[PDB]
Amino acid sequence: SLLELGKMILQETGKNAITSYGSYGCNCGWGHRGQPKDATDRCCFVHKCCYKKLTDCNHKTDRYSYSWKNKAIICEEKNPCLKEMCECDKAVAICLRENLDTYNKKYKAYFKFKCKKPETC
């Protein structure tokens, strides 16, 4: 669920998921689609491609089990659909952290800013 995703994002990036990524660029923001503005935004495109293909559970509301152990995310989920959700979320947390060096606050509030047509997953 968004609860596990939010916690993973804090653990890896040190940031608040809602305020720092909830409206960022053309892909991180919620409901946002379009060509990525930068590497951070590309992480979010990959993330949505990852979870939107899962048909058997809900990315937003279904909780799964994971641990922050030895300073790393481990997906410890039995349900195959929920394990794939966890792996999608783990991947975006890592990706956002690895691209913190180009995180740009100009994209932070981008809901009303125009985006190019999205590319294919």
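Residue positions begin at 1 at the first shown residue.
Heads up, header says this was done by X-ray crystallography, 1.8 Å.
Cβ from N, Cα, C; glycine included.
Going by Swiss-Prot, these are the annotated features:
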| type | residues | note |
| --- | --- | --- |
| DISULFID | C28-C44 | disulfide bond |
| DISULFID | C43-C95 | disulfide bond |
| DISULFID | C50-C88 | disulfide bond |
| DISULFID | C57-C81 | disulfide bond |
| DISULFID | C75-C86 | disulfide bond |
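Following the DSSP three-state reduction, the secondary structure of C28 (disulfide bond) is coil. The disulfide-bonded residues examined here are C57, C86; by Cβ neighbour count within 10 Å, the least packed of them is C57. Nearest neighbour of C95 (disulfide bond) by Cα distance, taken over the disulfide-bonded residues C44, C57, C81: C44.
Residue with the densest Cβ environment among the disulfide-bonded residues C28, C43, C44, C75, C95: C28, by other Cβ atoms within 10 Å.
Long-range Cβ proximity for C81 (disulfide bond), meaning a same-chain Cβ under 8 A and a gap of 6 or more residues, is found for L54, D56, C57. Highest Cβ count within 10 Å among the disulfide-bonded residues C50, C88: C88. Taking the Cα atom of each, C86 (disulfide bond) and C28 (disulfide bond) are about 17 angstrom apart.
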